[PDB]
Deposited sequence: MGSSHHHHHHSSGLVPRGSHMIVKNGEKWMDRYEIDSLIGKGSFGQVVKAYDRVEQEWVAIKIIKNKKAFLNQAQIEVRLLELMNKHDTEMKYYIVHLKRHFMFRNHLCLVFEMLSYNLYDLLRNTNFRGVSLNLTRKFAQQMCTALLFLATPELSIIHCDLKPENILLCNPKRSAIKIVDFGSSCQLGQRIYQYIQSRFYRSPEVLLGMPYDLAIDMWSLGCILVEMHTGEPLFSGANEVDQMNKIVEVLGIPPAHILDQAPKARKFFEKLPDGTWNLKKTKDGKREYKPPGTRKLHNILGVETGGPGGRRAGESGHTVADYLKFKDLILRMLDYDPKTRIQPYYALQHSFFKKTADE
């Protein structure tokens, strides 16, 4: 008799005379991931096991529908492929291609020194092409949980990547959750309790590309208030037209009589932490480690910093969209 929501995983057991369970290869809020051998297909698979709990089951039904939608608009370009799903022992089970480790593990492999600007640019091209495909009118899909941990290497030897975990994903106009995105990668509009569109994913990507090159999160807030303050340190006070609509503006800011917003009394002065110095543009890159190294020139750093600031625009209406981000000078050969 199953106790609560957990499937009890036993290694070596064979499910429906097809899946030979090998090991637990991951765990999350939604349940767990197992490495399994598919006898029929004669190959390795990762099976996401959804917890036998109603909230998680409903969200995983939306994951199957969106994964099926995306996989039907194919050949494969940058989204994890859903092979099939089935009910087993009262758990919904999602079968995926066996993949390599996540981009946070890749950073930990090189002691958080960071990947080269050349590798950062290859990850940025695949991510922007992926966000371009999500923005397709037939899809209009918001990932909502972009982070290094939901970006997987196909193979440890190459740089090809796939986006995984559409567990909190929604389509444009089907927002159902106030509280979304991992805090470090959480957009201003989500912190402010505002409605969101596909632009919140471009905000996550900006934060992610800086972290891959520096080896550290751009915005490492301990809580929502700390997170907002860390963003203001770099980007300054948000435009008044945005704060005037934000339900949670008075969680971090206060209106003055003359009608200008400032930070709640109780960090660097707003906008004084320059991305220019965080990238060490003129002083040899992150911790000065890329000094003189080929492909890390001041000119190369200026194009990258330019593209990142367009990704971190406070206005979702003027935040660079996937198509225009691919036309950026940071990508021309």
(Q) Need the unmodelled segments of the deposited chain, numbered from 1, in order. (A) 1-14, 89-90, 283-288, 356-359
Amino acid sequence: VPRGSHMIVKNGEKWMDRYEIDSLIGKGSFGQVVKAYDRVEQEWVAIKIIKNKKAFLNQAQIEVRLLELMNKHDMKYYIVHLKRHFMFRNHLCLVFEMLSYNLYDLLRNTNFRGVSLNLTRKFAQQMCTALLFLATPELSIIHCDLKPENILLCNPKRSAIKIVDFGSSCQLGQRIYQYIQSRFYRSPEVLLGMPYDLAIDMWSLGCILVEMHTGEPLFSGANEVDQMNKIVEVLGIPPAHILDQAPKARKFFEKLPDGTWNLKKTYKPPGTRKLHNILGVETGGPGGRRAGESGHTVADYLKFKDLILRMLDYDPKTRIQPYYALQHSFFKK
From here on, numbers count along this sequence of modelled residues.
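Under this definition, the rigid core comprises the largest set of C-alpha atoms superposing within 1.5 Å between the forms.
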(Q) If the other structures are each fit on the rigid core, which stretch ends up farther away in C-alpha terms in 9 other deposited structures of this protein, 167-175 or 115-123? (A) 167-175
**Q.** Divergent stretch in 9 other deposited structures of this protein, 303-311 or 290-298 [C-alpha RMS, superposed by the core]
**A.** 290-298
Q: Look over 225-233 and 102-110 in the entry and identify the one with the greater average Cα temperature factor.
A: 102-110
Q | Mean C-alpha temperature factor, higher of 164-172 and 250-258 | A | 250-258
**Q.** Chain-relative CA temperature factor third for residue 51
**A.** middle
Q | Position of residue 316 among the chain's modelled residues by C-alpha B-factor, lowest, middle or highest third | A | lowest
Q) Can you tell me which third, lowest, middle or highest, the CA B-factor of residue 73 falls into for its chain? A) highest
Q) Taking the C-alpha B-factors as the PDB entry records them, is residue 238 in the lowest, middle or highest third of its chain? A) lowest
Q. Taking the entry's C-alpha B-factors for this chain, is residue 87 in the lowest, middle or highest third?
A. middle
